[PDB]
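Take a look at this single chain, the form deposited in one PDB entry, given in structure tokens.
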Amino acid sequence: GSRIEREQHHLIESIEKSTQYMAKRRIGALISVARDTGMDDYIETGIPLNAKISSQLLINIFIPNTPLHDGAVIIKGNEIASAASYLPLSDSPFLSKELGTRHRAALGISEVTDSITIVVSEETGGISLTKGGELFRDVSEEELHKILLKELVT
């Protein structure tokens, strides 16, 4: 009851710290947090980790030209379920064309699941979020904290 609430805030803090580190260095990232709708089919596409959640591990996963970086990290429950997992690309023509594959993958998974997905752009270092087919582009740290707090702490 209260143990899961402490885990969710640790999940939020882990996302904030890792995205800040990667944004400063323009390291692309794609982190999808599953919810009610299971993402088990997409977890199976990646390399399984089943690891404890930490900002340190999230950073090490997305280091460029490493075995674990090319794809999405999926967080299920209180674990980093998989890395290098593949997410469906959205077919939306409304998505801006200056955004890349990570943004299109984050939008695609938000259209068929209720998951919260976070993106770090390797071109601009901007942090974006997707939920329910919508895109919050280049959010600030306050905006990111408010969205994650509302959507991840039940």
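Residue numbers here begin at 1 and follow the sequence given.
Just so you know, the form deposited with a small molecule bound exists too; it's not on screen, but the next bit is about it.
Within 4.5 Å of some heavy atom of the small molecule in the deposited bound form lies at least one heavy atom of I12. Contact annotation for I147: none of its heavy atoms lies within 4.5 Å of the small molecule in the deposited bound form. A residue is said to contact a partner when one of its heavy atoms sits within 4.5 Å of a partner heavy atom; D138 fails this definition for the small molecule in the deposited bound form, lying far away. In the deposited bound form, none of the heavy atoms of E143 sits within 4.5 Å of a heavy atom of the small molecule.
Within 4.5 Å of the small molecule in the deposited bound form, a heavy atom is found for all three of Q8, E16 and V153.
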